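> Model the structure of this input:
(5 chains)
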Amino acid sequence: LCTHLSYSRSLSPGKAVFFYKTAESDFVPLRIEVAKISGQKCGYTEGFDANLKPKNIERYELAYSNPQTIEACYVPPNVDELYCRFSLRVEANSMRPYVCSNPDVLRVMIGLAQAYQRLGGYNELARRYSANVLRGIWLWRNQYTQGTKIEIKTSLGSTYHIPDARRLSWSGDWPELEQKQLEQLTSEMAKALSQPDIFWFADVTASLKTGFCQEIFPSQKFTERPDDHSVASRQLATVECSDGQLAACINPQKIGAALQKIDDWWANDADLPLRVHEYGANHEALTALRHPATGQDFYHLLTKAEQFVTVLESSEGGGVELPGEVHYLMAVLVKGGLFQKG
Amino acid sequence: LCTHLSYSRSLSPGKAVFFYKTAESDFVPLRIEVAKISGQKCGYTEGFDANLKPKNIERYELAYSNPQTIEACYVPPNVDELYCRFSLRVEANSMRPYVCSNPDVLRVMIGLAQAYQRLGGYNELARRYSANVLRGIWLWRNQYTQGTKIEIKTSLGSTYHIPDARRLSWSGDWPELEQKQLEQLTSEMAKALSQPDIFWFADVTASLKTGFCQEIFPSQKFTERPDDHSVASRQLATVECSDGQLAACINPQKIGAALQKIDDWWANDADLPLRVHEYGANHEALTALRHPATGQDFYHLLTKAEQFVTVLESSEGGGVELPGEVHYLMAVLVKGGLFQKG
Amino acid sequence: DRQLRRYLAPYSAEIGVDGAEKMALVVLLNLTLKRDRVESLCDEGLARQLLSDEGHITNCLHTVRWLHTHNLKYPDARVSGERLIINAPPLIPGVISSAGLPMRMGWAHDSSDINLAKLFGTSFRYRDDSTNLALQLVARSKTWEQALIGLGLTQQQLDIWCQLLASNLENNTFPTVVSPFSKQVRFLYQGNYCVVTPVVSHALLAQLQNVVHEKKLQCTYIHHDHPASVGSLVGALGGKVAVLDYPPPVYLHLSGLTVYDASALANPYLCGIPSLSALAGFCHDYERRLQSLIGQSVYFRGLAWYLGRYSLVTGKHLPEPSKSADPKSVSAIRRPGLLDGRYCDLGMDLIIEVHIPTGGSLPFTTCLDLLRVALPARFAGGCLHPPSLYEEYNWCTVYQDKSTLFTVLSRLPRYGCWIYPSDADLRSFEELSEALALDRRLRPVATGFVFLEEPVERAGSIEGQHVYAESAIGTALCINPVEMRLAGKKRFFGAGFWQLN
DNA sequence: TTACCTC
DNA sequence: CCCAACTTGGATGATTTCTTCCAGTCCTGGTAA
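Numbering: from 1, shown residues only, chains lettered A, B, ... in the order given. The protein structure is shown below:
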């Protein structure tokens, strides 16, 4: 192909904030607190050296405590509902390369995006993204509630409401008056993703029914180990409110990673879906599912466009003929990045 | 062993708050006071040096007081009953490693948890945890009442009632109508520990019948060394209420340290139970029961998993055949943490 | 004494060696060993012994090939290719740059030449000017040669070195191609586009490290992992480099805009208000998008900036694992590397002076929709959003009257800031220190770039011609809403709007 | 296929 | 509506400011032969 090729990102979210209501004011932030604790002396190198060779210490030396400083966050007594919200904008921005160093490569990438659009296929991507919003998986470790409600508004005037999100699976069929809203939402998004000159903007709120003083899990900061012992080892992310107070939040890219978890196209065995990645990275197992050695990765597939366009053009469309390799590639172009040295 | 291996925490409380009721309102917080006192000049090194000549002090030099600043907490006049409340969530979360870098380790840890589940054994752990909730040992030093009444509600609609918890032992036979509730509670929890996608909650409230102005013992802060003569030498923990008042509390991990105190599998002589610890730490005597030098610790045992699965598979089960070494291991996996750098 | 090593460090004031050339050769040669092996830099014997080792000196002579005036690797050790040696650009009265500083060189090649590079690349004051050992020997400076032969060097060994030492400084002064890990940005110049690549000035950064500590200026520190892999100065400073820190004291009308994670580090020398080159950039990408929607020609003469909220965010971003541990037969993924930056969240309004060339204009609802569509999603490296939907009002209004527009603007909250252009001309950091001591409204800002060469065709350019440049440091004023309520619409519309050139 | 270094 | 508003003498004495033992990791570099 060519020395330089790249796309920017087409689907971008905001920062999510936690808050609650009172009888006296409509918006009170949830906030974090800091505290000293007494820890344990446990684990390897604490008692063993090399490969299971005990080291020489006295019996009493492990009964001592290990103090630490952490930040933490809890819902205060007597709050019945906790609320969380974020904004979302979607642009039809995978139709054109941000940069390209070769006119012959450029005309081909354009041909492909269009050949795909008219046969169907944006619906498929929209259905998958839509499902992840309405399921609620973007709450990560805070999904364990006594009841979760999700509400969405858009710039076109529509409103959607899931009376209880706790049971919607990735694989399966949704209850009536829920399955239907998934279809309607899919239509708005499928268009926003591919047709330009449409402004679309969404506002997603949810509510969590909680326990008496339940623990809450906001995003964590990346830090250096302090050398002071007066500074926290585990620091949490907050956002500044319009009134000057700070509140617990979830970072944009953490919301984003959840929304794009849609890849169950690998190895012809769906399992659970992966975060889209050029090499099929699997963070839980610390490995990769589309190792270059298999021929299944993005970079091998990027060179078969001429063959794919030929098929797309020869196909009738409107059926189930689109192959995994074409869908995969379109999903990667949506999460744009650097595809150079080709 | 391997480089990465982690489990999450499968059983946990939120924090406990002290409060009382009045005729006009259902929730009045218990609060703390701050004061200067006149102490004693006493103890070794006050008058000695390496137990030799007791310095060079005139007789009158020890008659003087030693002032100090402390915080304290008392029940106000004419309040007949004090209430303490917290919530508990349990997850079936020891069936699978949060992170594992080795596929050969992973298949074994899964095989073991399953081999164990179907022969019984979660019932055993559930009974041990359940006994500690109903006994009331999580009040620590506040158990000295004129009568303690414990009531529990759950998300499945059950209710339990212990009319007087002051006399139930770890070892012994509970009186009728109480033995019955221990069995019923055991069954709900035994399921919560092993079956996924059950959202189970318990809500525990206890009533304390007290003295005229009895002293109360909430959690203390772990503080930095003072040098300003202005900061209290002993400070108590509180929570902030939605209305801005502060209230006395017991920390989450302080409640948890009591609930998980179920380990009497060492030395073939049960005595009193220890808090589960990889090295068998004993805080009262400042020692360690499962010192690496004995071969009885978690890390020695973690390497024999292949042999335990083999035994379990050859056994019948459903009886009392499971050995202490298997129970210990499962108890540690329930209090998940880091098991790394093999 | 460690103070001798401090005074010979790249971040310290230069010291004189006139009449001491003999001990200067001894100390400078002794610096080529690890500190653990040397009890003193003053031992003549060790120096006479080191000098006789042609291999040790040969390894030292080889480092000369990568001495530079500007450092192409500074922000990112991954950049690979040739060195850059250029005389400082002509002085611009309104810009702080290397133009007012004397000639100095530094070193940065494989990270294992930290000690061996010190023999020739260490500067000092001599004959009341700034020089170093390589220059005095290449120029055939007899006093230094007489001392060097006296310390045990054979005349024949010197006659050969003068040639090889000179040869290493006679070529490879400009890169052949643009390196794949360098920065590229493009703007209009003389009616067409040109790609600009910035580079950090050695002389300018080294001076700043001394001035902020001596003049007591507001500053912070940026960390670098593996200092030996970035350069002479960064290594000498232990991986911690000081920068200035001057935060703010906090017609088409765009209201209520929110930016998440904006880059708060304008240039490698200054933290504070985001680089103005980025706003000019934004105005234009917005103009091009609108022009592709409306058939009529549309053009933006000026752009104004207002600050309502400013919050600094701590910490740093973790890179995606985009790099395989090994190219083949490995199923492990590694992290590319880590950088130390600064970020903030903004709330701001813009007032753009929009002009339509055609006699007949399109003041219609359709155009208001197209103005909402054309709005970019990216700003200053962060993410840009409109005001939230549940509380939406008309955030995109248009005015054709100065009286109505000024009247509405006078109503803004008193705790915000307008940013105006400054009048003062500054040529050094010391002049900036005095100007900042006297005012309370004055702040340094990044303003643009100064060229090092004329635009040329060069392999690796994204589009058309390519040029190298250094960052331009200038200033701006922070004005309270109360001051323009009194100044009047006359002063606001004359002074309150910014432009390019 | 192996190691070598910044106050 | 309209007119007023206060001088003075004075503001403490004794002696003491505590202790024990602990301070966890792990994945995140170019360059050369």
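> Dump stretch A:185-196 to PDB, keeping only the CA atoms.
Only the C-alpha atoms of stretch A:185-196 are listed here, as PDB (Å, rounded to 0.1, in the frame of the first residue of the first chain):
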ATOM      1  CA  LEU A 185     -32.400   3.100  18.500                       C
ATOM      2  CA  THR A 186     -30.500   1.000  16.000                       C
ATOM      3  CA  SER A 187     -32.000   3.100  13.200                       C
ATOM      4  CA  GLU A 188     -30.900   6.400  14.600                       C
ATOM      5  CA  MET A 189     -27.400   5.200  15.100                       C
ATOM      6  CA  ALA A 190     -27.000   3.300  11.900                       C
ATOM      7  CA  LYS A 191     -27.600   6.500  10.100                       C
ATOM      8  CA  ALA A 192     -25.500   8.700  12.300                       C
ATOM      9  CA  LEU A 193     -22.500   6.400  11.600                       C
ATOM     10  CA  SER A 194     -22.600   6.600   7.800                       C
ATOM     11  CA  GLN A 195     -24.500   9.600   6.500                       C
ATOM     12  CA  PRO A 196     -22.800  13.000   6.900                       C
END
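> Within range of DNA strand E, give me the residues from the stretch 151-300 of chain C.
Proximity of the stretch 151-300 of chain C to DNA strand E (Cβ under 7 Å from any atom of the strand) is limited to residues C:225, C:226, C:228, C:229. The C-beta positions use only the backbone N, C-alpha and C, and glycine is treated the same way.
> Let me know the closest of those residues to residue B:13.
For these, the residue nearest residue B:13 by Cβ to Cβ is residue C:225; the value is 41.4 Å.
> Let me know the closest of the residues of the stretch 151-300 of chain C next to DNA strand E to chain B.
residue C:225 (22.4 Å; Cβ to the nearest Cβ).
> Report the contact partners of the closest residue to chain B within the stretch 401-501 of chain C.
Here the stretch 401-501 of chain C gets closest to chain B at one residue, residue C:415, 26.0 Å apart by Cβ to the nearest Cβ. By Cβ atoms under 8 Å, 6 or more residues apart in numbering or on different chains, the contact set of residue C:415 is residue C:250.
> For residue A:283, which non-adjacent residue is spatially closest?
Once flanking residues are discounted, residue A:283 sits nearest to residue A:275: 7.8 Å by Cβ to Cβ, 6 or more residues apart in numbering or on different chains.
> Quick check: bridge partners of the one you found?
Judged by DSSP bridges, the bridge partners of residue A:275 are residue A:261.
> How much space separates the residue of the stretch 51-200 of chain A found nearest DNA strand E from residue B:219?
DNA strand E sits closest to residue A:68 of the stretch 51-200 of chain A, with a gap of 2.7 Å, by Cβ to the nearest atom of the strand. As judged by Cβ to Cβ, to the nearest Å, residue A:68 and residue B:219 stand 16 Å apart.
> Equivalent analysis for residue C:355, please.
Distance, residue C:355 to residue B:219, by Cβ to Cβ: 68 Å.
> Which of those two has more residues huddled nearby?
Each of residue C:355 and residue B:219 has its neighbours counted (other Cβ atoms under 10 Å in any protein chain shown); residue B:219 has more, 19 against 11.
> May I have the phi/psi pair for the more buried one?
When read as degrees, to the nearest 10, the backbone of residue B:219 gives phi -70, psi 150.
> what do you get for residue C:240?
Main-chain dihedrals, residue C:240, degrees, to the nearest 10: phi -120, psi 120.
> Okay, it and residue B:319: tell me how far apart.
Distance from residue C:240 to residue B:319, by Cβ to Cβ: 66 Å.
> coming back round to it: now the residue of the stretch 401-501 of chain C closest to chain B: phi and psi?
The phi and psi values for residue C:415, taken as degrees, to the nearest 10, are phi -90, psi 0.
> next one: the one 3 residues further on
Summarising the backbone geometry of residue C:418 under the convention degrees, to the nearest 10, its torsions are phi -90, psi 140.
> That one: how many residues sit nearby?
Residue C:418 has 19 neighbours, counted by other Cβ under 10 Å.
> ok, it to residue C:401 distance?
Distance, residue C:418 to residue C:401, using Cβ to Cβ: 20 Å.
> circling back: between residue C:240 and residue B:319, which has more neighbouring residues?
Applying other Cβ under 10 Å to residue C:240 and residue B:319 shows that residue C:240 carries more neighbours, namely 13 against 9.
> For the stretch 301-450 of chain C, which segments are assigned as helices?
Under the criterion DSSP state H, counting those that start in this stretch, the stretch 301-450 of chain C contains helices at C:365-373, C:402-409, C:429-438.
> can you pull the buried residues of the longest one?
By neighbour count, with 16 or more other Cβ atoms under 10 Å in any protein chain shown as the criterion, the buried positions of helix C:429-438 are C:429, C:432, C:433, C:435, C:436.
> cool, and the shortest one?
Within helix C:402-409, the residues that count as buried by 16+ other Cβ under 10 Å are C:405, C:406, C:409.
> Contacts only, for the closest residue to the second one other than its chain neighbours.
This points to residue C:406. What sits nearest to residue C:406 in space, not counting adjacent residues and going by Cβ to Cβ, 6+ apart, is residue C:489, at 4.0 Å. Neighbour list for residue C:489: C:402, C:403, C:406 [criterion: Cβ under 8 Å, 6+ apart].
> cool, residue C:301 as well?
Applying Cβ under 8 Å, 6+ apart, we find residue C:301 in contact with C:353, C:355, C:497, C:499.
> repeat that for 6 Å
By Cβ atoms under 6 Å, 6 or more residues apart in numbering or on different chains, residue C:301 lies in contact with C:353, C:355.
> Same question for residue A:174.
Contacts of residue A:174 (Cβ under 6 Å, 6+ apart): residue A:168.
> ok, now with 7 Å
Contacts for residue A:174 (Cβ atoms under 7 Å, 6 or more residues apart in numbering or on different chains) come out as A:168, A:182.
> One more: residue C:484?
If you count contacts by Cβ under 7 Å, 6+ apart, residue C:484 has them with C:418, C:492.
> does it sit in a helix, a strand or a coil?
Using DSSP: H, G, I helix; E, B strand; the rest coil as the criterion, the local structure at residue C:484 reads helix.
> could you measure it against DNA strand D, distance?
Residue C:484 is 50 Å from DNA strand D, where distance means Cβ to the nearest atom of the strand, to the nearest Å.
> neighbours around residue C:380, how many?
Residues near residue C:380, counting by other Cβ under 10 Å, number 21.
> hang on, isn't it packed against residue C:277?
No. Counting by Cβ atoms under 7 Å, residue C:380 does not reach residue C:277; the two are 10.2 Å apart.
> Around residue A:103, count how many other residues there are.
By other Cβ under 10 Å, 9 other residues sit near residue A:103.
> Then the one 5 residues further on?
Other residues near residue A:108 come to 15 when the count uses other Cβ under 10 Å.
> from chain C, which residue is nearest to chain B?
residue C:332 (9.6 Å).
> so where do the strands sit in the stretch 201-342 of chain A?
Applying DSSP state E, counting those that start in this stretch to the stretch 201-342 of chain A gives strands spanning A:201-209, A:238-240, A:246-250, A:261-263, A:274-275, A:281-282, A:287-288.
> residue contacts, residue A:170?
residue A:273.
> Assign it to helix, strand or coil.
With three-state DSSP as the basis, the three-state label of residue A:170 is coil.
> And residue C:153, how far from residue C:164?
Noted for residue C:153: a distance of 14 Å to residue C:164, by Cβ to Cβ.
> who's more crowded, these two?
When neighbours are counted by other Cβ under 10 Å, residue C:153 and residue C:164 differ, and residue C:153 comes out ahead with 18 against 12.
> which non-adjacent residue is nearest that one?
That would be residue C:51: by Cβ to Cβ, 6+ apart, it lies 6.1 Å from residue C:153.
> Next: residue C:350.
Leaving aside its sequence neighbours, residue C:350 sits nearest to residue C:254 (Cβ to Cβ, 6+ apart; 4.4 Å).
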